[PDB]
Every structure is written in structure tokens, then in C-alpha cells.
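This is what each chain is made of:
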Amino acid sequence: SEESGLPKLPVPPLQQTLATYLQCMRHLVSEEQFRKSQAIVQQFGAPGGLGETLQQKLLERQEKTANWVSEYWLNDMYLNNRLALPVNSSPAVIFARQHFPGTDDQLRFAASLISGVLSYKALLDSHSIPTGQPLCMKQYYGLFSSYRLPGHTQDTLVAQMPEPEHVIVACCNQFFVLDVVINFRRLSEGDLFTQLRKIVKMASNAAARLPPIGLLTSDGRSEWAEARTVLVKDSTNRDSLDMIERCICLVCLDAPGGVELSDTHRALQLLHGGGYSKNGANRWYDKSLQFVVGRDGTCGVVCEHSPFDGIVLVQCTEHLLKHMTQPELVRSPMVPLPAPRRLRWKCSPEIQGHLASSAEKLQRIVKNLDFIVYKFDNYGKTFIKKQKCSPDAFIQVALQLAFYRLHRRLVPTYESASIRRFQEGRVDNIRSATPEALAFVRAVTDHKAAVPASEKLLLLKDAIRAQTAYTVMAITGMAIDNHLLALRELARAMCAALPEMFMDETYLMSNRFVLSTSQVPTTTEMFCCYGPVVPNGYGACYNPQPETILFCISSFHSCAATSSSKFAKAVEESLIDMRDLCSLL
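Method-wise, the PDB entry is recorded as coming from X-ray crystallography, at a reported resolution of 2.25 Å.

Looking at the Function heading of the UniProt record, one finds this comment for the protein chain: "Catalyzes the reversible synthesis of acetylcholine (ACh) from acetyl CoA and choline at cholinergic synapses." Taken verbatim from the UniProt record of the protein chain, the Catalytic activity comment is "choline + acetyl-CoA = acetylcholine + CoA".

Structure, rendered in C-alpha cells:
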């Protein structure tokens, strides 16, 4: 029947994870600290010890659940994070710059994009999405039926059938309900255009302008939860929130950008709207997909990460965009046409105080982000593959060298590995800061050692081999992050006081990803980007093409050590160095 024929996420052998763990951290902590961690781990995983006890409960959990880490992961990775979603968590995809001579051009694009969204959702709901190895498809079903509720300490991801179906249109910080489906009736691209025009007009009505409530969703999670609590007191607000929570997605008709339309600037608008003064309030972050269609041509989609990952987000986005290049299939006029409904809000002195706070908070995020879009154009996948190297592993090694040559040390690095092979599979982590990576970067940067180029090349290839090996380990569910997480939380269930194993500074440091990365390859002229995950870290999202590689680098201005410009430069030098290395003889 209806039971998944997929395999369950595998539980690695306790000793395998512990050995890999120590191997992963040895070169990332002091000798003294390592010696202490060795003893701690030794005691934790000893015969008849706590480790084996937790391992048995995990095995029991594996049997009783579809995926033993789903709950732990969802909370640890997103729902527990208190940071505001903009920049800190919600990635953004930037489409190619568009040209909208008039407002109707902008609206036509929006109408077409909405049409593309509905066609995709139709395939989705009809289970007509193109299913090598079979993969879990749950994420697809969370694209338009998800909503991330804020909480005092832990957020809640709500999994939603309405009639009719609708989308929320944001214009001038005002939100409107736009019914797009009514009795399997699906609005024509033409009716959408007409409806959007009505929206733009009402949105321009001063006597009807309401407070920019969307600004509240850009604040810290606990701060937004508190403000939402004030909101829910009123029956009108409850209704409006409900409509937002049950929409298919948002469509933000953003005002003019103020700066030049470069790749870096357009991305900034998609990341945080440029603050309240710009389009910062013309949003709603709890909702998974917010498609932006700016008047000046800046378009893209802001994604809330909790419900699904990069692969699914891109497949959906590229399907839309491609759909937009296709002949418009003739769709029938609606008679009569109802007028989109503006969502009303019952403001208060409190809410007014929350808006002011959110505005300042969001402003700190804006001025604090150091973002750059660097396009490496010397070579791409073509050259790398000719070196018998995986493009991803090659670039991951380049990032390690770039970080080392700039800051003189390696750091716990994050790189997602998809585990969709297994039921409800999300991801896991690939630890790119390998021992081999260290030997390679050291040989390259230690002038005084005078390591022969021939030797550096050997170290280079061994580092890439190690990268690829860890990658394969992670994707087959044999890595260490999810495993340790489950062991940690199962212990917590036994006693709030965690085992020394997880209180060890080595463990705490191993999960502070100073270098958070991800490869988001696209076939379209679009790119993905996101912020750092720790105050003193970077955000590195790359898109490798046949002859070039796009790099989106983020870091915080607050940290004097990091510099997106310098890191982008170090990446260039690292890729050049590696090219020359592969070109000796």
C-alpha cells in the first residue's frame, strides 16, 4: 500500500562515528584539549558505557520512527534558532535582471510568474513531478502548504486544501488576498493582470493604508512571537494572519530600488529588502516562498528554509522560469471578476512599539551584512573535470585554502549532503576541513618549508580525494553530525545534564561553522545566496558553470576579522594556485 518503499536513515556504528569525530577535530583544537577529548570520548564509548546505551535507544528509535533524526534535526537546525530569518536563515535566489518600461510590464511578469507557480503546483498535487536511486519527495509537498510559526523558545512548522486557493500579494507593505483557483477554476494570465492592477491602485490609497505588519516577521523569532501574541488578541488580526498562513505563497511587488541594479545589489534586496525605508516591510518571512517582482526589474524568490532544501527550491524555481518562456496556453476569462481583498489590521499602542523595534533591528541586519557576488571567470567545471576531479570537491578544497591563506587556520566547515535516499531525508553535514585539507593548505602557504610544487599537487589530489570520500560517506548516511545529534538529544531525554561527551568544548566548537558553504548549481541565469551562521563566519554559496564559477560571499561587518572582499580575493588566488598545480607535469 501507502507505506514508503524507501530505506530508513541508517544508524552508523557507534565506534565508527566516535573515531571519525576525533579524527575530524584533532587538528582543529589544541593538543592539550585533544588529549582531554580523547579521554572523554574513550569513556563515553567504552563497553557497557553510556554511548552504547544511547546507541541502543537510537536503534529502538530507528525502528519506531520513519526517520530517527527528523524531529531532532528540524529543531536543532532551524526551529530552535532565535536569530531573525532574514540573512541569518532564509536564502534568496536572484533571477536575471528584468526590464520593466512601465508598471504594466512589471505586472505582466508577475501574472506570468503566478501562472507558472500554479502550473507547477498542479503537477505537484497530481503527483506528476519527475520522481538512479529513488528519492524521498515529501519536501515537494511542503513547498506551498508550509508556514513557520514563531515561538518563545522554539518555532513550529505548520503543515497544511482551501477553497478557493489564493496567494498573498504584497504591495506598498499592504497585503491582499488574490484568489487564483476557484472550483478547479484557474485564473487566466489575463485575469491575474487585471487583478494585479486593482491591487496596485488600492495599495496607493492613503485613506486606506495600514501599518507595515510584515516588518514584524523580520525580527528575532522570540521578538516576533511576542508581537504576534499581541496581534492575536484581536479577531480581525487573527483572520488576516490566518489568510497569510494558508496562502500558496507571496508575491511582492517591490518599490524602486535606489541603488544600481548590479548582481550584489539585487541580491541585497532579495535578502532583506534593503530595510524599512526600502522594501524591508513588503514581506512575510514565516511563509516558505516569497516571489519578488520589483518595479525596476529586480526579481527573485526569498525562501524560508525549514520546510525544504536547495535542490527542491531550484527545481521548482527553474520549472517556473522555463514555464514563463513557453507559449501562453489559452485560459478563460472570469465573469464576474471579484476585487482582491486587502487584509485589515487592528493596530495598537503596543504594536506600534513593536514596529519601531523591528525597524531598528532589521536596520542593524542591513548595515551589518557584508555581501559580494564574485564571478570567477578563468575556468569552471570543464577544466576541473579534465583533472579527474569532482567540481564540488575541487571548489570545497579551494575554499579551505582561501580561508587558511587569509586567516591562518582552518575551521569547522559546513557543507550539506542530501540524504533524500532515506524516508523524510533532509540533509547532513560534510566536514570539509579535513586533515588532508590542512596538509595541503599548509604546504601551499608555508613559504619557509619550500615544499616542491610536485609535492603540493600530490597533497592537492589527496585533499580532493578526501573531500569526495567524506561526501560519499555523508550522502549514504554514514557520517557523524546527525548521529551525534540524536545521541545527544536521547541523552538529554534521560537527564537534562548532558554527558561530558557533549559538554566538551571540542564538541561545542565542532558545531560552530565559521565557514558555512553550499553548491547551488543552476542551468538558468540565476543564483542563490545566504548569510553566515556564526558572528565571525562566512557564507559561501557557489554556482559552477562549464567555464566559470559564481561565488556569493557573506560575512558580518561587526567582525573585524572577516571580509567578504578579501575572502573572494583569496578564493581567486586559491583557484589560480590550484590550476597551476594541476598544470605542472
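Now that the structure has been shown, we can carry on.
**Student:** Which parts of the structure should I look at to understand the domain arrangement of the protein chain?
**Tutor:** A common measure of how large an interface is: the accessible area buried when the components associate. We note that the domain assignment places domain 1 (1–66 + 373–585) and domain 2 (67–372) within the protein chain. For domain 1 and domain 2, the distance between their C-alpha centroids amounts to 32 Å. In this complex, domain 1 contributes 51 residues to the contact, which on the side of domain 2 involves 45 residues. A combined buried area of about 4300 Å² lies between domain 1 and domain 2, and 58% of that area is made up of carbon and sulfur atoms.

**Student:** So what exactly am I meant to see when it comes to the environment of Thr445 here?
**Tutor:** Among the secondary structure elements, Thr445 is positioned in helix α15 (residues 435–445). The spatial distance from the C-alpha of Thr445 to the C-alpha of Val397 is 14 Å, given a sequence separation of 48 residues. When neighbours within four sequence positions are excluded, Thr445 is seen to be in contact with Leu401, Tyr404, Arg405 and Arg408. In terms of polar contacts, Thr445 uses its side chain to reach the backbone carbonyl oxygen of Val441, at 2.8 Å.

**Student:** Hey, could you run me through the UniProt feature "active site" in the protein chain in this one?
**Tutor:** Here the UniProt-annotated "active site" positions come out as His305. Assignment of secondary structure puts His305 in the loop between β9 (299–303) and α11 (310–324). Sequence-distant contacts of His305, that is, excluding residues within four places in its chain, are made with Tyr78, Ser89, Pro91, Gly310 and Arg426. Side-chain polar atoms of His305 contact the side chain of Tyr78, separated by 3.0 Å.

**Student:** Mind showing me how you'd approach the nonpolar core here?
**Tutor:** What tends to happen in soluble globular proteins is that the nonpolar side chains get buried as a cluster. Core analysis: the largest hydrophobic core is formed by 102 residues, its most contacted members being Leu143, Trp284 and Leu289. Top contributing element to this core by residue count: helix α6 (residues 103–125), with ten residues. Both domains that furnish three or more residues to this core are identified here as domain 1 (1–66 + 373–585) and domain 2 (67–372). When residues no more than four places from it in sequence are discounted, the contact partners of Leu289 are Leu143, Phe144, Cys249, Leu250, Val301, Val302, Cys303, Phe308 and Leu313. Grouped together as the second largest cluster of nonpolar side chains are 88 residues, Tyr374, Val441, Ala479 and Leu487 included.

**Student:** Can you help me understand unusual backbone geometry in this one?
**Tutor:** If a residue is not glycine, its phi is most likely negative; likewise, a peptide bond is most likely trans. Following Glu163, the chain continues into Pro164 via a peptide bond in cis, with omega recorded as 0°. Secondary-structure assignment places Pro164 in the loop between β3 (156–159) and β4 (165–171). One non-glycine residue with positive phi stands out, namely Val87, at about 65°. Inspection of the secondary structure assignment puts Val87 in helix α5 (residues 85–88). In this model, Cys172 sits at a positive phi of 60°, which is unusual for a non-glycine residue.

**Student:** In this structure, what is going on with α11? I would like to understand it.
**Tutor:** Each turn of an α-helix holds 3.6 residues, which means side chains three or four residues apart point in the same direction. For α11, which comprises 15 residues, the first-to-last C-alpha distance of 21 Å matches the rise-based estimate of 21 Å (1.5 Å per residue) to within 8%. For α11, the secondary structure elements touched by its buried residues are β1 (92–94), α6, β8 (289–293) and β9.

**Student:** What should I look at first to understand the pairing of β4 in this one?
**Tutor:** Walk down a regular strand and you will see the side chains alternate between the two sheet faces. Where burial is concerned, most of β4 is hidden: seven out of the seven residues are buried. Bridge count for β4 against strand β5 (residues 174–182) is seven bridges, and the pairing is antiparallel. Across the sheet, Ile168 pairs through a bridge with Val177, a residue of β5. Here β4 folds back onto β5 in antiparallel fashion, the turn holding two residues, of which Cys172 has a positive phi close to 60°. Here four bridges tie β4 to strand β7 (residues 250–253), and the two strands are oriented parallel to one another. Within β7, the position partnered with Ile168 by the bridge is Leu250.

**Student:** Explain helix α9 (residues 235–245) to me, please; I cannot follow it from the model alone.
**Tutor:** By the burial criterion, the buried members of α9 are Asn237, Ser240, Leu241, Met243 and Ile244. Seen from one end, α9 has its buried residues packed into an arc of 155°, which puts them on one side. Where the residues of α9 are buried, they touch β2 (146–149), β4, β5, α8 (221–232) and β10 (341–342). The backbone nitrogen of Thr236 has a side-chain oxygen 2.6 Å away, supplied by the residue at the start of α9, namely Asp234.

**Student:** Help me understand empty space enclosed by the protein in this model?
**Tutor:** Any empty space left between the atoms is revealed when a probe the size of a water molecule rolls over them. As a volume, the largest cavity reaches approximately 40 Å³. Contributing to the lining of the largest cavity are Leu9, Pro10, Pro12, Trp68, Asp428, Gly477, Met478, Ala479, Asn482 and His483. For the lining of the largest cavity, the per-class residue count stands at six nonpolar, three polar and one charged.

Each value, and the rule that gives it
- Residues numbered from 1 in each chain as written, not as in the entry; some residues may be left out.
- Heavy atoms only, no water.
- UniProt positions renumbered as here; feature names shortened; annotations may be inferred.
- Domains from an automatic or database assignment.
- Contact = heavy atoms within 4.5 Å.
- Buried area = accessible area lost by both parts, 1.4 Å probe.
- Helix = DSSP H or I, 4+ residues; strand = E, 2+ residues; numbered from the N terminus.
- Polar contact = N/O pair within 3.5 Å; in protein donor to acceptor, adjacent residues only side chain to side chain.
- Core = buried A, V, L, I, M, F, W, Y, C linked by side-chain atoms within 4.5 Å.
- Buried < 20%, exposed > 50% of the residue type's maximum accessible area, 1.4 Å probe, protein only.
- Expected span 1.5 Å × (residues − 1).
- Pairing = 2+ DSSP bridges.
- Arc of directions from axis to C-beta.
- 1 Å grid on protein atoms, 1.4 Å probe; cavity = no way out; pocket = protein on both sides within 12 Å on 5 of 7 lines; lining within 4 Å.
- Points joined across faces, edges and corners; volume = space filled by probe spheres on them.
- Nonpolar A, V, L, I, M, F, W, Y, C, P; charged D, E, K, R; others polar.

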